[PDB]
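Structure, as structure tokens:
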Amino acid sequence: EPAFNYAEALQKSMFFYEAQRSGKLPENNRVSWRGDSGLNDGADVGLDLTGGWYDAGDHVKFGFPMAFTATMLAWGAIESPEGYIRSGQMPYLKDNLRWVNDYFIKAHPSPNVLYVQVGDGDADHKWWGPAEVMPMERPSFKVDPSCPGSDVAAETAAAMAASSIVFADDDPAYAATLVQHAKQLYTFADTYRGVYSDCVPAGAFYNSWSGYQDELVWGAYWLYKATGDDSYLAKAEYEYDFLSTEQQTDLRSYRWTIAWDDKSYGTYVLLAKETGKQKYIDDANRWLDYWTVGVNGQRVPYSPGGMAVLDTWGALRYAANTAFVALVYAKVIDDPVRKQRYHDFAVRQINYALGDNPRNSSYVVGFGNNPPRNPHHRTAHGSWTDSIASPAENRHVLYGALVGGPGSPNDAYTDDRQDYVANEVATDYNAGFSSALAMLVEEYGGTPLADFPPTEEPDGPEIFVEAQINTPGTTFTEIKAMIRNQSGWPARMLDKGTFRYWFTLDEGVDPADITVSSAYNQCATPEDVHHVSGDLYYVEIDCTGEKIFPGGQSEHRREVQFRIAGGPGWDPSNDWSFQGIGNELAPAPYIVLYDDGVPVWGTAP
Ligand SMILES: OC[C@H]1O[C@@H](O[C@H]2[C@H](O)[C@@H](O)[C@H](O[C@H]3[C@H](O)[C@@H](O)[C@H](O)O[C@@H]3CO)O[C@@H]2CO)[C@H](O)[C@@H](O)[C@@H]1O
Ligand SMILES: OC[C@H]1O[C@@H](O)[C@H](O)[C@@H](O)[C@@H]1O
Ligand SMILES: [Ca+2]
Ligand SMILES: [Ca+2]
């Protein structure tokens, strides 16, 4: 039996990617707390750029890492389809890759034009709230011959190509369509050379630090596998000699790892696996050695607990990416000592993330012992006041998400949501992690959970009305009502709401003498009352036009003060909506709130 149920982890990892979806979600939606969002994406340029994945705990759709995530997720399903089948997650992986690839198609309106971003990084990060009510404008950026971007283009090609191998047998027509787009994106990237971050305002988040030389080899190798065209392998091997060397030596870089920006390290193992040439084997060896025993006395930092800490930001992601590529190389190299080393290194790094560490706690939200409960994620938090501090705990469990984890070699970590350096999540954090789990499920096994995902239930009323007696009176009843929208299953707009306050006409009160006034009302103040039947009448407050959404202090509520004066004889004790209303603001169950005519709160007479 496995040390950790790698099949449950993998199963929850695919749920992650479904909670990161954007655009109009399907009927089969498994995440009950997610709704339609980013529905006007592309409007500014006249295209439909809806769909895709939000990058991290934010809502900007960054195309560079989103492409990488797709290639790593595919690569792992090509190395170990059996792993995805055993855990029962193959139909989900295919559902996720299809979701992101459909977007890469939408975003490629013509051969040499690719949309690589939707959303401004600064405008987006200034607001903390659910993605279903994003109030800011989201610009769309692109790269074309006028301002090229070989790195993001060759990666989107590598992604669509690597994915076509997954759909090849299931949907041969769809597979062909991806290979086609992929060819055009690689030609565009080779013909028009450039760094995408010089053309789109993403340099402060996903800047092209390594350049495109790595994505030209990476992109070619994948078109080679998808098409079988030997010219592509020729192209990959040729471009391989221009990869970044290190500091002063002619040795190719070996001190980092493969991540959304540098694919050099993947090509070391990929070409070595394909050709078997000593040239590549040496590189893959020097790289993976620096992460295990070391080279020339230098070794990646390690914490007393057994974690490989490469950098502060997203440490576990880096160690997870190496753990996957190490398991793939462990199968192609013949050396028994090296094979054992790389394999053991990989299982240890994944086991650390799943719970085998000094804290004995998991680092995958929703999985294991003492998992994180508050990652830096806006929609999972469910804030309704534009605050990262309120509510205290995230209102949703983002099952499957791998957090940053310890950023220093001391195994320390604090579940603080305001720590985007160690407690943030992202599509590429689970990319290499997922590929490893698939490789570990095939080898060590595991069993998925039958009843998954659990169905969450709201933490109280979502859209309701609170009320209280503003000023005591015997000839009038002055109420202070407050509409609230603190929804999160999913968060929704309330732009066409009205509410009724029922009352019973009393002896002596001429309904013609009833007046409804206010000294403060953010909605409309009515002139007359409406007769239902008999002595039953109602006052209707109209708030249609006001956008009440969970996204700010004054944005989520509307205060309505209104006095219903009837003159002497007025008696509120026999009024329906008066039941329960006191001197403290508390939900009023007998004031009915309607959304476009449909009741959402309260019970009518
Ligand atoms: O020069 C050292 C290696 O750096 C690699 O680029 C990394 C950047 O140096 C690093 O600052 C950046 O950190 C990102 C992080 O990856 C991302 O998850 C987070 O959201 O934002 C951080 C800041 O943008 O990561 C990149 C990629 O690992 C080079 O790619 C590598 O060649 C080079 O040796
Ligand atoms: O830019 C640094 C960080 O800023 C935060 O406000 C965003 O929500 C994070 O997603 C981002 O990583
Ligand atoms: Ca690169
Ligand atoms: Ca009455």
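Just remember, in the structure tokens the first chain shown is A, the second B, etc., residues are 1-based per chain, and ligands are 1-based in the order shown.
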**Study point:** segment 272-283 of chain A environment, 8 Å, only C-alpha atoms, sequence neighbours closer than 2 positions dropped, as a PyMOL selection string
**Key:** chain A and resi 252+254+267-270+285-287+329+332
Practice item. Mind the document's chain letters and residue numbers, and return as a PyMOL selection string the residues of segment 74-277 of chain A that DSSP labels strand (DSSP E). Key: chain A and resi 114-118+140-143
Export N, CA and C atoms of the chosen residues as a PDB file, in the first residue's frame?
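result-v4.pdb written:
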ATOM      1  N   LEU A 114      -1.698  35.790 -32.133  1.00  0.00           N
ATOM      2  CA  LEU A 114      -2.060  35.044 -30.928  1.00  0.00           C
ATOM      3  C   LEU A 114      -2.354  35.991 -29.781  1.00  0.00           C
ATOM      4  N   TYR A 115      -3.467  35.773 -29.085  1.00  0.00           N
ATOM      5  CA  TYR A 115      -3.826  36.597 -27.945  1.00  0.00           C
ATOM      6  C   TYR A 115      -3.227  35.931 -26.734  1.00  0.00           C
ATOM      7  N   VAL A 116      -2.354  36.664 -26.053  1.00  0.00           N
ATOM      8  CA  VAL A 116      -1.643  36.143 -24.910  1.00  0.00           C
ATOM      9  C   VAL A 116      -2.035  36.687 -23.541  1.00  0.00           C
ATOM     10  N   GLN A 117      -3.028  37.557 -23.479  1.00  0.00           N
ATOM     11  CA  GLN A 117      -3.429  38.080 -22.182  1.00  0.00           C
ATOM     12  C   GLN A 117      -4.788  38.728 -22.232  1.00  0.00           C
ATOM     13  N   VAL A 118      -5.526  38.636 -21.142  1.00  0.00           N
ATOM     14  CA  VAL A 118      -6.847  39.228 -21.064  1.00  0.00           C
ATOM     15  C   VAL A 118      -6.903  39.681 -19.633  1.00  0.00           C
ATOM     16  N   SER A 140      -7.528  43.114 -23.815  1.00  0.00           N
ATOM     17  CA  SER A 140      -6.976  41.921 -24.438  1.00  0.00           C
ATOM     18  C   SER A 140      -5.733  42.360 -25.178  1.00  0.00           C
ATOM     19  N   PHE A 141      -4.634  41.629 -25.006  1.00  0.00           N
ATOM     20  CA  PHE A 141      -3.367  41.951 -25.657  1.00  0.00           C
ATOM     21  C   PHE A 141      -2.949  40.800 -26.563  1.00  0.00           C
ATOM     22  N   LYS A 142      -2.104  41.080 -27.544  1.00  0.00           N
ATOM     23  CA  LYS A 142      -1.700  40.050 -28.486  1.00  0.00           C
ATOM     24  C   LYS A 142      -0.308  40.273 -29.017  1.00  0.00           C
ATOM     25  N   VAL A 143       0.157  39.306 -29.799  1.00  0.00           N
ATOM     26  CA  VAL A 143       1.464  39.362 -30.437  1.00  0.00           C
ATOM     27  C   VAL A 143       1.254  38.963 -31.901  1.00  0.00           C
TER      28      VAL A 143
END
Point to revise | Selected residue, from A:102, A:58, A:8, A:215, that lies nearest to residue 447 of chain A when counting only C-alpha atoms | key: A:8
Return as JSON lines the residues of chain A lying at most 12 Å from ligand 3, together with the closest atom-to-atom pair for each and the distance in Å to one decimal, counting only C-alpha atoms and all ligand atoms, with rows in chain order and ascending residue number.
{"residue": "A:64", "atom": "CA", "partner": "ligand 3", "partner_atom_place_in_ligand_line": "1 (Ca)", "distance": 9.7}
{"residue": "A:65", "atom": "CA", "partner": "ligand 3", "partner_atom_place_in_ligand_line": "1 (Ca)", "distance": 10.8}
{"residue": "A:68", "atom": "CA", "partner": "ligand 3", "partner_atom_place_in_ligand_line": "1 (Ca)", "distance": 10.5}
{"residue": "A:149", "atom": "CA", "partner": "ligand 3", "partner_atom_place_in_ligand_line": "1 (Ca)", "distance": 10.8}
{"residue": "A:150", "atom": "CA", "partner": "ligand 3", "partner_atom_place_in_ligand_line": "1 (Ca)", "distance": 9.0}
{"residue": "A:151", "atom": "CA", "partner": "ligand 3", "partner_atom_place_in_ligand_line": "1 (Ca)", "distance": 5.8}
{"residue": "A:152", "atom": "CA", "partner": "ligand 3", "partner_atom_place_in_ligand_line": "1 (Ca)", "distance": 8.5}
{"residue": "A:153", "atom": "CA", "partner": "ligand 3", "partner_atom_place_in_ligand_line": "1 (Ca)", "distance": 10.9}
{"residue": "A:154", "atom": "CA", "partner": "ligand 3", "partner_atom_place_in_ligand_line": "1 (Ca)", "distance": 9.6}
{"residue": "A:155", "atom": "CA", "partner": "ligand 3", "partner_atom_place_in_ligand_line": "1 (Ca)", "distance": 8.9}
{"residue": "A:194", "atom": "CA", "partner": "ligand 3", "partner_atom_place_in_ligand_line": "1 (Ca)", "distance": 11.2}
{"residue": "A:195", "atom": "CA", "partner": "ligand 3", "partner_atom_place_in_ligand_line": "1 (Ca)", "distance": 9.0}
{"residue": "A:196", "atom": "CA", "partner": "ligand 3", "partner_atom_place_in_ligand_line": "1 (Ca)", "distance": 10.3}
{"residue": "A:197", "atom": "CA", "partner": "ligand 3", "partner_atom_place_in_ligand_line": "1 (Ca)", "distance": 11.3}
{"residue": "A:206", "atom": "CA", "partner": "ligand 3", "partner_atom_place_in_ligand_line": "1 (Ca)", "distance": 10.8}
{"residue": "A:207", "atom": "CA", "partner": "ligand 3", "partner_atom_place_in_ligand_line": "1 (Ca)", "distance": 9.6}
{"residue": "A:208", "atom": "CA", "partner": "ligand 3", "partner_atom_place_in_ligand_line": "1 (Ca)", "distance": 6.3}
{"residue": "A:209", "atom": "CA", "partner": "ligand 3", "partner_atom_place_in_ligand_line": "1 (Ca)", "distance": 6.9}
{"residue": "A:210", "atom": "CA", "partner": "ligand 3", "partner_atom_place_in_ligand_line": "1 (Ca)", "distance": 4.6}
{"residue": "A:211", "atom": "CA", "partner": "ligand 3", "partner_atom_place_in_ligand_line": "1 (Ca)", "distance": 4.5}
{"residue": "A:212", "atom": "CA", "partner": "ligand 3", "partner_atom_place_in_ligand_line": "1 (Ca)", "distance": 4.5}
{"residue": "A:213", "atom": "CA", "partner": "ligand 3", "partner_atom_place_in_ligand_line": "1 (Ca)", "distance": 6.3}
{"residue": "A:214", "atom": "CA", "partner": "ligand 3", "partner_atom_place_in_ligand_line": "1 (Ca)", "distance": 4.7}
{"residue": "A:215", "atom": "CA", "partner": "ligand 3", "partner_atom_place_in_ligand_line": "1 (Ca)", "distance": 5.3}
{"residue": "A:216", "atom": "CA", "partner": "ligand 3", "partner_atom_place_in_ligand_line": "1 (Ca)", "distance": 8.5}
{"residue": "A:217", "atom": "CA", "partner": "ligand 3", "partner_atom_place_in_ligand_line": "1 (Ca)", "distance": 9.8}
{"residue": "A:218", "atom": "CA", "partner": "ligand 3", "partner_atom_place_in_ligand_line": "1 (Ca)", "distance": 9.1}
{"residue": "A:219", "atom": "CA", "partner": "ligand 3", "partner_atom_place_in_ligand_line": "1 (Ca)", "distance": 10.6}
{"residue": "A:243", "atom": "CA", "partner": "ligand 3", "partner_atom_place_in_ligand_line": "1 (Ca)", "distance": 9.7}
{"residue": "A:244", "atom": "CA", "partner": "ligand 3", "partner_atom_place_in_ligand_line": "1 (Ca)", "distance": 10.0}
{"residue": "A:257", "atom": "CA", "partner": "ligand 3", "partner_atom_place_in_ligand_line": "1 (Ca)", "distance": 11.8}
{"residue": "A:258", "atom": "CA", "partner": "ligand 3", "partner_atom_place_in_ligand_line": "1 (Ca)", "distance": 9.7}
{"residue": "A:259", "atom": "CA", "partner": "ligand 3", "partner_atom_place_in_ligand_line": "1 (Ca)", "distance": 9.2}
{"residue": "A:260", "atom": "CA", "partner": "ligand 3", "partner_atom_place_in_ligand_line": "1 (Ca)", "distance": 7.8}
{"residue": "A:261", "atom": "CA", "partner": "ligand 3", "partner_atom_place_in_ligand_line": "1 (Ca)", "distance": 4.5}
{"residue": "A:262", "atom": "CA", "partner": "ligand 3", "partner_atom_place_in_ligand_line": "1 (Ca)", "distance": 4.4}
{"residue": "A:263", "atom": "CA", "partner": "ligand 3", "partner_atom_place_in_ligand_line": "1 (Ca)", "distance": 6.1}
{"residue": "A:264", "atom": "CA", "partner": "ligand 3", "partner_atom_place_in_ligand_line": "1 (Ca)", "distance": 7.8}
{"residue": "A:265", "atom": "CA", "partner": "ligand 3", "partner_atom_place_in_ligand_line": "1 (Ca)", "distance": 10.7}
{"residue": "A:266", "atom": "CA", "partner": "ligand 3", "partner_atom_place_in_ligand_line": "1 (Ca)", "distance": 11.4}
{"residue": "A:267", "atom": "CA", "partner": "ligand 3", "partner_atom_place_in_ligand_line": "1 (Ca)", "distance": 11.7}
Print the selection's residues with N, CA and C atoms to a file, as a short mmCIF file (atom, residue, chain, number, x, y, z; two decimals), in the first residue's frame.
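Output saved as result-v6.cif:
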data_model
loop_
_atom_site.label_atom_id
_atom_site.label_comp_id
_atom_site.auth_asym_id
_atom_site.auth_seq_id
_atom_site.Cartn_x
_atom_site.Cartn_y
_atom_site.Cartn_z
N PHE A 64 1.39 32.82 -21.24
CA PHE A 64 2.66 32.09 -21.22
C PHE A 64 2.54 30.89 -20.28
N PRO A 65 2.33 31.11 -18.97
CA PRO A 65 2.25 29.96 -18.08
C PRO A 65 1.06 29.05 -18.30
N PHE A 68 2.28 26.57 -20.82
CA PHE A 68 3.20 25.63 -20.19
C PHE A 68 2.43 24.60 -19.41
N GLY A 149 6.44 37.37 -30.50
CA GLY A 149 6.66 36.77 -29.20
C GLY A 149 6.89 35.31 -29.41
N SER A 150 8.10 34.93 -29.76
CA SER A 150 8.46 33.55 -30.02
C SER A 150 8.29 32.61 -28.84
N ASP A 151 8.49 33.11 -27.63
CA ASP A 151 8.38 32.26 -26.45
C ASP A 151 6.97 31.79 -26.15
N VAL A 152 6.02 32.71 -26.13
CA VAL A 152 4.64 32.37 -25.84
C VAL A 152 3.99 31.66 -27.02
N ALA A 153 4.46 31.94 -28.23
CA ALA A 153 3.89 31.32 -29.42
C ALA A 153 4.33 29.88 -29.59
N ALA A 154 5.62 29.62 -29.43
CA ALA A 154 6.15 28.27 -29.56
C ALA A 154 5.67 27.36 -28.43
N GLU A 155 5.29 27.97 -27.32
CA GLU A 155 4.79 27.23 -26.18
C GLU A 155 3.35 26.84 -26.43
N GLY A 194 11.23 37.26 -31.27
CA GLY A 194 11.02 38.30 -30.29
C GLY A 194 10.61 37.79 -28.92
N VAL A 195 10.75 38.65 -27.92
CA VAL A 195 10.41 38.35 -26.53
C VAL A 195 9.03 38.94 -26.28
N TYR A 196 8.03 38.09 -26.07
CA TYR A 196 6.65 38.54 -25.86
C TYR A 196 6.43 39.61 -24.79
N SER A 197 7.28 39.63 -23.77
CA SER A 197 7.14 40.60 -22.69
C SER A 197 7.59 42.01 -23.09
N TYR A 206 5.12 37.69 -15.48
CA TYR A 206 5.67 36.57 -16.23
C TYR A 206 6.57 37.08 -17.34
N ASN A 207 7.68 37.68 -16.94
CA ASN A 207 8.64 38.23 -17.88
C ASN A 207 9.42 37.09 -18.48
N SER A 208 9.87 37.26 -19.72
CA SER A 208 10.64 36.24 -20.39
C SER A 208 12.10 36.40 -19.98
N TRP A 209 12.46 35.82 -18.83
CA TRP A 209 13.82 35.88 -18.30
C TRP A 209 14.86 35.06 -19.06
N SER A 210 14.46 33.90 -19.59
CA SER A 210 15.38 33.04 -20.32
C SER A 210 15.44 33.38 -21.79
N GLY A 211 14.36 33.93 -22.31
CA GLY A 211 14.30 34.25 -23.72
C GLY A 211 13.52 33.16 -24.41
N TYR A 212 13.56 33.14 -25.74
CA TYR A 212 12.82 32.16 -26.54
C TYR A 212 13.61 30.99 -27.07
N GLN A 213 14.93 31.03 -26.96
CA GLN A 213 15.75 29.95 -27.48
C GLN A 213 15.34 28.59 -26.94
N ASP A 214 14.84 28.57 -25.71
CA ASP A 214 14.39 27.33 -25.07
C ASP A 214 13.04 26.83 -25.57
N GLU A 215 12.18 27.75 -25.97
CA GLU A 215 10.86 27.40 -26.46
C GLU A 215 10.87 26.99 -27.93
N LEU A 216 12.00 27.22 -28.60
CA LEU A 216 12.13 26.87 -30.02
C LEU A 216 12.52 25.43 -30.18
N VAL A 217 13.22 24.91 -29.18
CA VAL A 217 13.65 23.52 -29.13
C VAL A 217 12.46 22.76 -28.55
N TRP A 218 11.92 23.29 -27.47
CA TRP A 218 10.78 22.70 -26.79
C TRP A 218 9.60 22.57 -27.74
N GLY A 219 9.34 23.62 -28.50
CA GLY A 219 8.23 23.60 -29.43
C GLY A 219 8.39 22.65 -30.59
N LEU A 243 21.39 26.97 -26.59
CA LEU A 243 20.77 27.12 -25.28
C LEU A 243 21.78 27.80 -24.37
N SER A 244 21.28 28.51 -23.37
CA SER A 244 22.13 29.23 -22.44
C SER A 244 23.16 28.38 -21.72
N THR A 257 15.63 24.77 -12.79
CA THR A 257 14.78 23.64 -13.12
C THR A 257 13.81 24.10 -14.18
N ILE A 258 12.97 23.18 -14.64
CA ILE A 258 12.02 23.50 -15.68
C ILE A 258 10.79 24.08 -15.03
N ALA A 259 10.35 25.21 -15.56
CA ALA A 259 9.19 25.89 -15.05
C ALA A 259 8.68 26.71 -16.20
N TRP A 260 7.54 27.37 -16.02
CA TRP A 260 6.91 28.15 -17.09
C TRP A 260 7.79 28.98 -18.02
N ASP A 261 9.05 29.21 -17.65
CA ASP A 261 9.92 30.05 -18.46
C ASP A 261 11.13 29.41 -19.14
N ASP A 262 11.72 28.42 -18.50
CA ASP A 262 12.90 27.78 -19.05
C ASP A 262 12.63 26.33 -19.30
N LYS A 263 12.52 25.96 -20.57
CA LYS A 263 12.26 24.57 -20.89
C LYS A 263 13.50 23.80 -21.28
N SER A 264 14.66 24.43 -21.14
CA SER A 264 15.93 23.79 -21.46
C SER A 264 16.06 22.43 -20.80
N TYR A 265 15.76 22.40 -19.52
CA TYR A 265 15.89 21.19 -18.73
C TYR A 265 14.99 20.07 -19.19
N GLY A 266 13.86 20.41 -19.77
CA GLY A 266 12.97 19.36 -20.24
C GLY A 266 13.58 18.76 -21.49
N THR A 267 14.15 19.60 -22.34
CA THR A 267 14.75 19.16 -23.59
C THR A 267 15.97 18.25 -23.36
#
Review point. Which parts of segment 64-221 of chain A does DSSP call helix (DSSP H, G or I) when run on the backbone here, written out as a VMD selection string?
Key: chain A and resid 64 to 79 81 to 86 90 to 106 121 to 125 131 to 133 150 to 167 172 to 191 196 to 198 213 to 221
Within 7 Å of ligand 2, which residues of chain A show up? Give each one with its shortest atom-to-atom distance in Å (one decimal) and the two atoms involved, counting only C-alpha atoms and all ligand atoms, rows by chain then rising residue number, as CSV.
residue,atom,partner,partner_atom_place_in_ligand_line,distance
A:56,CA,ligand 2,10 (O),5.7
A:57,CA,ligand 2,10 (O),4.9
A:58,CA,ligand 2,10 (O),4.7
A:125,CA,ligand 2,6 (O),4.7
A:126,CA,ligand 2,6 (O),6.7
A:205,CA,ligand 2,1 (O),6.5
A:420,CA,ligand 2,12 (O),5.7
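Atom CA of residue 397 of chain A is found 10.3 Å from atom CA of residue 19 of chain A.
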Practice item. Could you jot down the atom 25 (O, counted along the ligand's line) of ligand 1 to atom CA of residue 365 of chain A separation for me, Å, one decimal place? Key: 22.5 Å
Practice item. Give the residues close to ligand 4, within 10 Å, counting only C-alpha atoms and all ligand atoms; write them as a list in words. Key: residues 502, 503, 504, 505, 506, 507, 509, 535, 536, 537, 566, 569, 570, 571, 572, 573, 574, 575, 576 and 578 of chain A
Keeping only N, CA and C atoms, take the residues you just selected and write them out as an mmCIF file, in the first residue's frame.
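Below you can see selection-v9.cif, which holds the result:
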data_model
loop_
_atom_site.group_PDB
_atom_site.id
_atom_site.type_symbol
_atom_site.label_atom_id
_atom_site.label_comp_id
_atom_site.auth_asym_id
_atom_site.auth_seq_id
_atom_site.Cartn_x
_atom_site.Cartn_y
_atom_site.Cartn_z
ATOM 1 N N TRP A 502 -45.381 44.174 3.967
ATOM 2 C CA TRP A 502 -46.824 44.035 4.111
ATOM 3 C C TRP A 502 -47.301 44.528 5.451
ATOM 4 N N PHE A 503 -48.504 45.083 5.455
ATOM 5 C CA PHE A 503 -49.109 45.591 6.657
ATOM 6 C C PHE A 503 -50.612 45.469 6.511
ATOM 7 N N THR A 504 -51.294 45.409 7.651
ATOM 8 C CA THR A 504 -52.751 45.302 7.731
ATOM 9 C C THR A 504 -53.350 46.669 8.076
ATOM 10 N N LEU A 505 -54.299 47.127 7.257
ATOM 11 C CA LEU A 505 -54.975 48.407 7.437
ATOM 12 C C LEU A 505 -55.731 48.373 8.746
ATOM 13 N N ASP A 506 -55.563 49.421 9.535
ATOM 14 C CA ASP A 506 -56.186 49.465 10.837
ATOM 15 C C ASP A 506 -57.443 50.299 10.890
ATOM 16 N N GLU A 507 -58.222 50.102 11.947
ATOM 17 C CA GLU A 507 -59.471 50.824 12.128
ATOM 18 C C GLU A 507 -59.254 52.321 12.289
ATOM 19 N N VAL A 509 -57.749 54.289 9.950
ATOM 20 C CA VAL A 509 -56.736 54.745 9.016
ATOM 21 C C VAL A 509 -57.239 54.705 7.591
ATOM 22 N N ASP A 535 -57.838 43.854 4.193
ATOM 23 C CA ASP A 535 -57.087 44.867 4.927
ATOM 24 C C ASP A 535 -55.587 44.763 4.649
ATOM 25 N N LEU A 536 -55.187 43.911 3.712
ATOM 26 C CA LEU A 536 -53.771 43.731 3.412
ATOM 27 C C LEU A 536 -53.254 44.674 2.336
ATOM 28 N N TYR A 537 -52.219 45.439 2.659
ATOM 29 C CA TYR A 537 -51.606 46.358 1.705
ATOM 30 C C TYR A 537 -50.110 46.126 1.810
ATOM 31 N N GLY A 566 -49.548 56.641 9.232
ATOM 32 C CA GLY A 566 -50.959 56.417 8.981
ATOM 33 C C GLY A 566 -51.853 57.321 9.798
ATOM 34 N N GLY A 569 -54.325 55.868 15.076
ATOM 35 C CA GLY A 569 -55.082 54.669 14.780
ATOM 36 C C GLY A 569 -54.145 53.623 14.215
ATOM 37 N N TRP A 570 -53.012 54.090 13.707
ATOM 38 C CA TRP A 570 -52.011 53.220 13.137
ATOM 39 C C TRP A 570 -51.542 52.251 14.215
ATOM 40 N N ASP A 571 -51.624 50.964 13.908
ATOM 41 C CA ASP A 571 -51.209 49.900 14.813
ATOM 42 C C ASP A 571 -50.378 48.936 13.992
ATOM 43 N N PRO A 572 -49.084 48.791 14.340
ATOM 44 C CA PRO A 572 -48.145 47.897 13.665
ATOM 45 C C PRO A 572 -48.133 46.461 14.199
ATOM 46 N N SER A 573 -48.743 46.233 15.351
ATOM 47 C CA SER A 573 -48.766 44.905 15.944
ATOM 48 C C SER A 573 -49.467 43.876 15.077
ATOM 49 N N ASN A 574 -50.316 44.324 14.157
ATOM 50 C CA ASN A 574 -51.016 43.386 13.298
ATOM 51 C C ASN A 574 -50.442 43.334 11.896
ATOM 52 N N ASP A 575 -49.249 43.891 11.710
ATOM 53 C CA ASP A 575 -48.600 43.902 10.401
ATOM 54 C C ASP A 575 -47.703 42.706 10.184
ATOM 55 N N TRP A 576 -47.828 42.110 9.005
ATOM 56 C CA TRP A 576 -47.058 40.937 8.649
ATOM 57 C C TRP A 576 -45.565 41.153 8.752
ATOM 58 N N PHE A 578 -43.819 43.202 10.172
ATOM 59 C CA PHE A 578 -43.310 43.786 11.405
ATOM 60 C C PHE A 578 -42.874 42.712 12.382
#
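One finds atom CA of residue 111 of chain A at 11.4 Å from atom CA of residue 157 of chain A.
Near residue 439 of chain A, within 7 Å and counting only C-alpha atoms, sit residues 80, 83, 435, 436, 442 and 443 of chain A, not including residues fewer than 3 positions from it in the same chain.
Nearest residue to residue 584 of chain A, choosing from A:402, A:469, A:604, A:316 and counting only C-alpha atoms: A:469.
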Check your understanding: Got a sec: who's within 8 Å of segment 9-14 of chain A, counting only C-alpha atoms, leaving out chain neighbours fewer than 3 positions off, as an MDAnalysis selection string?
Key -> chainID A and resid 5:6 17:18 87:89 92:93 96 364 366:367 399:401 430 434 437:438 448
Can you spit out the residues from that selection as a tab-separated table (two decimals), in the first residue's frame, using N, CA and C atoms?
chain	number	residue	atom	x	y	z
A	5	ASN	N	-2.20	8.42	-0.59
A	5	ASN	CA	-3.09	8.04	-1.67
A	5	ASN	C	-2.92	8.93	-2.88
A	6	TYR	N	-1.89	8.68	-3.68
A	6	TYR	CA	-1.62	9.50	-4.87
A	6	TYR	C	-2.78	9.60	-5.84
A	17	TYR	N	-8.06	22.58	-11.38
A	17	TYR	CA	-8.12	23.11	-12.72
A	17	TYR	C	-9.53	23.43	-13.21
A	18	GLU	N	-10.54	22.89	-12.54
A	18	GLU	CA	-11.92	23.13	-12.94
A	18	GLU	C	-12.47	24.33	-12.19
A	87	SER	N	-6.63	5.93	-11.63
A	87	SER	CA	-7.23	6.83	-10.65
A	87	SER	C	-8.61	7.31	-11.09
A	88	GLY	N	-9.02	6.86	-12.27
A	88	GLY	CA	-10.32	7.24	-12.81
A	88	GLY	C	-10.36	8.70	-13.22
A	89	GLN	N	-9.19	9.31	-13.40
A	89	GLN	CA	-9.11	10.73	-13.74
A	89	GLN	C	-8.83	11.06	-15.20
A	92	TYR	N	-11.24	13.34	-16.86
A	92	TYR	CA	-11.17	14.70	-16.34
A	92	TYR	C	-10.01	15.44	-16.93
A	93	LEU	N	-8.86	14.78	-17.03
A	93	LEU	CA	-7.67	15.39	-17.61
A	93	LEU	C	-8.01	15.84	-19.02
A	96	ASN	N	-10.06	18.89	-19.07
A	96	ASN	CA	-9.33	20.10	-18.73
A	96	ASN	C	-8.47	20.55	-19.90
A	364	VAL	N	-1.24	20.35	0.04
A	364	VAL	CA	-2.21	20.28	-1.05
A	364	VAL	C	-3.52	20.58	-0.34
A	366	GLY	N	-7.10	20.63	0.92
A	366	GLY	CA	-8.12	19.61	0.87
A	366	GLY	C	-7.64	18.18	0.91
A	367	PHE	N	-6.34	17.99	1.04
A	367	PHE	CA	-5.81	16.65	1.08
A	367	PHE	C	-4.86	16.44	2.22
A	399	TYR	N	-9.94	22.20	-3.08
A	399	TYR	CA	-9.36	20.87	-3.14
A	399	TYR	C	-8.34	20.73	-4.23
A	400	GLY	N	-7.20	20.12	-3.92
A	400	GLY	CA	-6.21	19.88	-4.95
A	400	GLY	C	-5.08	20.85	-5.17
A	401	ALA	N	-5.23	22.07	-4.70
A	401	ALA	CA	-4.21	23.10	-4.88
A	401	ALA	C	-2.96	22.96	-4.05
A	430	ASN	N	0.51	23.10	-10.07
A	430	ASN	CA	-0.04	21.76	-10.10
A	430	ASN	C	0.26	21.05	-11.40
A	434	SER	N	1.04	17.20	-10.88
A	434	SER	CA	0.05	16.28	-11.41
A	434	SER	C	0.65	15.20	-12.28
A	437	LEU	N	2.22	12.64	-9.84
A	437	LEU	CA	1.19	11.80	-9.24
A	437	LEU	C	0.72	10.73	-10.20
A	438	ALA	N	0.60	11.07	-11.48
A	438	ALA	CA	0.16	10.09	-12.46
A	438	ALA	C	1.22	9.00	-12.60
A	448	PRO	N	-9.27	6.43	-5.94
A	448	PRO	CA	-10.01	7.69	-5.82
A	448	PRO	C	-11.21	7.56	-4.87
Exercise for review: Name all residues at most 10 Å from residue 45 of chain A (count only C-alpha atoms; drop same-chain ones fewer than 3 positions away) and give them as an MDAnalysis selection string.
Suggested key: chainID A and resid 41:42 48:49 139:141
Exercise for review: Write out as a PyMOL selection string which residues come within 12 Å of residue 95 of chain A when counting only C-alpha atoms, dropping same-chain ones fewer than 6 positions away.
Suggested key: chain A and resi 14-15+17-18+21+26+28-30+70+73-74+89+101-102+163+166-167
